[PDB]
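For reference, the structure discussed in these notes is given below.
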Amino acid sequence: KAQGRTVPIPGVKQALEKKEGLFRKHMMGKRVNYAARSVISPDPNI
Amino acid sequence: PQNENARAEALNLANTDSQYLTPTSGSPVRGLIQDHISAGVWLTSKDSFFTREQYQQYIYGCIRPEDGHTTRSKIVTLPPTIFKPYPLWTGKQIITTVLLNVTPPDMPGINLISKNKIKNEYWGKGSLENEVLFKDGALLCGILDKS
Amino acid sequence: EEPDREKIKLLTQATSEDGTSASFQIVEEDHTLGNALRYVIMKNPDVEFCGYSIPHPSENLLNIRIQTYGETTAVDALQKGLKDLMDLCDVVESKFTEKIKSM
Amino acid sequence: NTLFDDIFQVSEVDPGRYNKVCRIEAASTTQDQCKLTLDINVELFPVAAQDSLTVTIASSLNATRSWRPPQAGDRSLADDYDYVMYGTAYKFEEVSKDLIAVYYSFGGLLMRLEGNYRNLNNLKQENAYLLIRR
């Protein structure tokens with residue numbers, strides 16, 4: 001909603017809707033503590 | 001999860017055992033996939049016989065009372081299907097014994113008349129090996145497939 | 001002198017009130033001793049049921065279940081099994097030495 | 001005690017892609033209407049075509065807790081016959097007037113006896129011993 005300057009600096013509306021948005025990227029979904037990731041391997045003895 | 005309420009939920013609501021049937025069609029999404037299916041067709045085959053030593057080994061090999069697999073605190077065993085000349089157990093009897101030690105003693109055995117993926121023609125003349133028969137928790141007829 | 005307590009362990013969670021049935025757990029052992037020991041224990045006329053089970057390959061454990069009839073405990077059946085396997089090995093060692101000389 | 005006893009003539013011995021089991025088709029030498037279809041472990045007890053088998057059904061051997069391996073000085077009904085099997089009766093079928101056909105299972109090894117008079121003695125018992133001679 002601002003005039004073109006000779007990519008502009010993002011506004012507070014842009015901050016809440018950067019990509020998916022603050023609500024989707026940091027409220028509905030979040031990075032968590034006490035969690036791990038690894039490649040799965042098969043095991044019939046467990 | 002870092003609290004008991006979250007623990008109870010992951011052990012009683014979202015736990016694997018409570019997800020045997022999918023809510024999409026109410027059909028199972030849990031079962032054995034490849035080696036186990038091929039192993040079962042061979043183990044439950046009429047030709048598969050086992051000695052006392054072999055039979056008891058297969059039982060303890062999969063059922064360990066110390067790991068709480070039993071319901072009787074002592075591994076119960078069926079008598080052999082062949083008494084004379086040599087004492088021999090059938091393959092199907094191992095399946096009967098596994099159920100006899102994992103199902104509660106207070107409840108009666110399972111009664112089911114099911115079918116197989118393998119047609120009777122493959123097992124020779126006059127075989128009923130397609131008809132899966134369970135009478136009082138005892139596999140008396142038919143092999144066990146992916147089905 | 002100090003005896004090792006971590007090797008053979010009696011799983012009390014599976015032992016019969018008295019005294020015939022018990023499950024034993026041995027560390028740093030597998031099929032090698034396992035199948036040989038259950039074979040010898042099964043030759044005992046008092047042993048009703050016997051088998052061996054390895055809980056998982058990654059964990060160094062060996063489980064052996066001995067269920068006997070009366071007048072003999074599972075501990076005695078295990079002690080007889082070990083005593084007989086030792087004598088069995090002596091027979092193998094004696095016959096092999098003799099045939100080496102016989103050559 | 002005994003529930004059934006007869007001498008049968010073998011008409012067929014079919015393996016059917018089995019290396020140790022065979023489906024035996026037999027007929028009674030005494031009764032005309034009597035027929036037999038039985039699976040036997042041919043590896044231990046071999047059966048040939050045109051053979052005389054003394055098939056006998058017994059309730060037990062002359063209350064037991066469990067089966068024990070043989071130990072010196074043990075006497076049994078099995079000592080009189082060559083091949084003995086333990087199994088259960090699972091189905092009772094009636095074929096036309098007076099004729100009745102029983103279905104037995106010796107752990108997958110199935111048996112189908114067809115007769116008429118045996119309706120009283122042969123009952124669906126979770127314990128039935130099958131003993132064969134010659």
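Note: ideal-geometry Cβ built from the backbone for every residue, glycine included; neighbour counts use all protein chains shown. Read the figures in this text as sums done on the coordinates, not as results from a lab.
Values as computed for the structure displayed
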{"item": "Residue among D:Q31, D:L61, D:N116 farthest towards the positive dipole end of chain D, charges placed on Cβ", "result": "D:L61"}
{"item": "Charge sum, other residues only, whose C-beta stays under 12 Å from B:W123's C-beta, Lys/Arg counted +1 and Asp/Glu -1", "result": "-1"}
{"item": "For segment D:23-37, 3J(HN,Hα) per residue [Karplus equation, 6.51 cos²θ - 1.76 cosθ + 1.60, θ = phi - 60°, Hz, x = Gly/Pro]", "result": "8, 8, 9, 10, 9, 6, 7, 8, 8, 7, 6, 6, 9, 9, 9"}
{"item": "Degrees, to the nearest 10: C:31-42 long Cα axis against longest axis of chain C", "result": "80 degrees"}
{"item": "DSSP-loop GluC sites (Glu not before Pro) across segment C:1-33, with at most 15 other Cβ within 10 angstrom", "result": "C:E1, C:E6, C:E17, C:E28"}
{"item": "Loop GluC sites (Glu not before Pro), segment D:68-134, which have at most 13 other Cβ atoms in a 10 Å radius of their Cβ (DSSP)", "result": "D:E126"}
{"item": "Partner chain coverage, peptide B:51-58 - average Cβ within 10 angstrom", "result": "4"}
{"item": "Residues C:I26, B:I143, D:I24, sorted so that the one with the fewest Cβ neighbours within 10 Å comes first", "result": "C:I26, D:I24, B:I143"}
{"item": "Listed pairs B:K74/D:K91; B:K92/D:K20; B:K84/B:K135; B:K92/D:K91; B:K46/B:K146 exceeding 20 Å between Cα atoms", "result": "B:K74/D:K91; B:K84/B:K135"}
{"item": "Proximal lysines to A:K25, defined as alpha-carbon separation beneath 25 angstrom and excluding residues fewer than eight positions away on the same chain", "result": "A:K1, A:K13"}
{"item": "Average partner coverage of D:87-99, which counts Cβ from other chains inside 10 Å", "result": "1"}
{"item": "Per-residue [θ]222 nm for chain C (sum of -39500 (n - 2.57) over DSSP H runs n ≥ 4, rounded to 500)", "result": "-14000 deg cm²/dmol"}
{"item": "Fraction of alpha-carbon pairs over 28 Å apart in chain B - percent", "result": "31 percent"}
{"item": "Fewest-first ranking of B:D35, D:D6, B:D67, using other Cβ atoms within 10 Å as the exposure measure", "result": "B:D35, B:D67, D:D6"}
{"item": "When the convex hull of its Cα atoms is projected in every direction, mean area for chain D (nm²)", "result": "9.0 nm²"}
{"item": "Number of partner chain Cβ atoms within 10 Å, mean per residue of D:10-18", "result": "4"}
{"item": "For segment A:3-23 versus segment B:72-145, the gap between their alpha-carbon centres in whole angstrom", "result": "69 Å"}
{"item": "Cβ charges +1 (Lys, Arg) and -1 (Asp, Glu), total dipole of the protein assembly as shown, debye", "result": "2480 debye"}
{"item": "Value of D in µm² per second that Stokes-Einstein yields for the protein assembly as shown, Kirkwood Rh from Cα pairs, at 20 °C (1.002 mPa s)", "result": "81 µm²/s"}
{"item": "Chain C: angle of helix C:74-102 to the longest principal axis, Cα-based, in degrees nearest 10", "result": "10 degrees"}
